[PDB]
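The primary structure of each chain is shown beneath.
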Amino acid sequence: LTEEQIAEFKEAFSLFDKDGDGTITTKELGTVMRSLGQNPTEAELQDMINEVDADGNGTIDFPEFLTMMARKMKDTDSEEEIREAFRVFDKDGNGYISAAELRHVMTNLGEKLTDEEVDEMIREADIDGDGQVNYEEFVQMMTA
Amino acid sequence: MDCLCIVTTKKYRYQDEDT
Ligand SMILES: [Ca+2]
Ligand SMILES: [Ca+2]
Ligand SMILES: [Ca+2]
Ligand SMILES: [Ca+2]
């Protein structure tokens, strides 16, 4: 464990869980997703858990919070996973994000980023140089 | 879905410039 990331996992969880049990369930996960404009059903939510859960309990707990913590950091350049994040980084569904739905995403997910903060992130993934982020750019940034 | 997107968000943020 890195001191720099000594309690990051806790930081995120601190904003997800609510019932003080410290495990994000189906209904808990749903709200976070719903706040971004997405409104799916139980099958869509439970399917997500199965995406992380590997103990057969059907709920993301602590081990999965360490295992998938690495998995995703290695399985970043896969295929649809690049579209996945792009899907959670967009709301209007147009193909690109800027000082638009980005701010809304962070405020409803769990990341501090003021205008000048996201501005950095703009020139961070603005390969094409139009002051924006899109599929074509994110794919390259998501690995390089 | 939020747990993995969070990690990806961190990987997209933590590059060199911004933290
Ligand atoms: Ca809970
Ligand atoms: Ca589990
Ligand atoms: Ca958009
Ligand atoms: Ca761009």
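As summarised from the PDB record, the model derives from solution NMR.

(A) Just the coordination of the calcium ion (ligand 4), in detail. All names here are of chain A. Looking at the metal site, the calcium ion (ligand 4) is ligated by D126 (OD), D128 (OD), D130 (OD), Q132 (O), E137 (OE) and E137 (OE), spaced 2.2 to 2.4 Å from it. Taken together, the 6 donor atoms coordinating the calcium ion (ligand 4) and their angles of 55 to 177° define a geometry best described as irregular. Positions of the donor residues of the calcium ion (ligand 4), expressed as sequence spacing, correspond to D-x1-D-x1-D-x1-Q-x4-E. Given a relative accessible area of 41%, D130 falls into the partly exposed group. Assessed through its relative accessible area of 3%, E137 is described here as buried.

(B) View of helix 4 (residues 64-74) of chain A. Those residues of helix 4 of chain A that fall on the buried side of the exposure criterion are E64, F65, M68 and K72 of chain A. The arc that holds the buried residues of helix 4 of chain A, viewed along the axis, is 85°, so those residues lie on one side. Facing away from the buried side of helix 4 of chain A, by more than 90 degrees, are the exposed residues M73 and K74 of chain A. Check the buried side of helix 4 of chain A and you find it contacts helix 1 (8-16), helix 3 (42-52) and helix 5 (81-88) of chain A together with helix 1 (2-13) of chain B.

(C) Representation of empty space enclosed by the protein in the model. Under the definition given, this model contains 1 cavity of 30 Å³ or more. Lining the largest cavity are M33, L36, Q38, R87, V88 and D90 of chain A together with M1, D2 and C5 of chain B. Elements that contribute at least two residues to the lining of the largest cavity include exactly helix 5 of chain A together with helix 1 of chain B.

(D) Expanded view of the interface of chain B and chain A. Taken together, the contacts link 17 residues of chain B with 38 residues of chain A. Taken over both partners, the interface formed by chain B and chain A buries close to 2600 Å², and the fraction arising from carbon and sulfur atoms is 70%. For the chain B face of the interface with chain A, the top three residues by lost area are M1, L4 and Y12 of chain B, together amounting to 30%. Where chain B touches chain A, the interface holds 4 salt bridges. With a shortest N-O distance of 2.7 Å, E111 of chain A and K10 of chain B are connected by a salt bridge. Taken together, the links from chain B to chain A amount to 5 residue pairs in polar contact. Class assignment of the residues belonging to the side of chain B that touches chain A gives a composition of 7 nonpolar, 3 polar and 7 charged.

(E) Seen up close, helix 1 of chain A. Buried residues of helix 1 of chain A: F9, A12, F13 and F16 of chain A, and no others. Buried residues along helix 1 of chain A cover an arc of 100° about the axis, so they all sit on one side. Projecting away from the buried face of helix 1 of chain A at angles above 90 degrees are the exposed residues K10, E11 and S14 of chain A. On its buried side, helix 1 of chain A packs onto helix 2 (26-34) and helix 4 of chain A together with helix 1 of chain B.

Conventions adopted
Residues numbered from 1 in each chain as written, not as in the entry; some residues may be left out. Chains lettered and ligands numbered in written order. Heavy atoms only, no water. Donors = N, O, S within 2.8 Å, 3.2 Å for Na, K, Ca; no water. Tetrahedral: all angles 85-135°; square planar, octahedral: opposite > 155°, others 65-115°. Buried < 20%, exposed > 50% of the residue type's maximum accessible area, 1.4 Å probe, protein only. Helix = DSSP H or I, 4+ residues; strand = E, 2+ residues; numbered from the N terminus. Arc of directions from axis to C-beta. Contact = heavy atoms within 4.5 Å. 1 Å grid on protein atoms, 1.4 Å probe; cavity = no way out; pocket = protein on both sides within 12 Å on 5 of 7 lines; lining within 4 Å. Points joined across faces, edges and corners; volume = space filled by probe spheres on them. Buried area = accessible area lost by both parts, 1.4 Å probe. Salt bridge = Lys/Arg side-chain N within 4 Å of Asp/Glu carboxyl O. Polar contact = N/O pair within 3.5 Å; in protein donor to acceptor, adjacent residues only side chain to side chain. Nonpolar A, V, L, I, M, F, W, Y, C, P; charged D, E, K, R; others polar.

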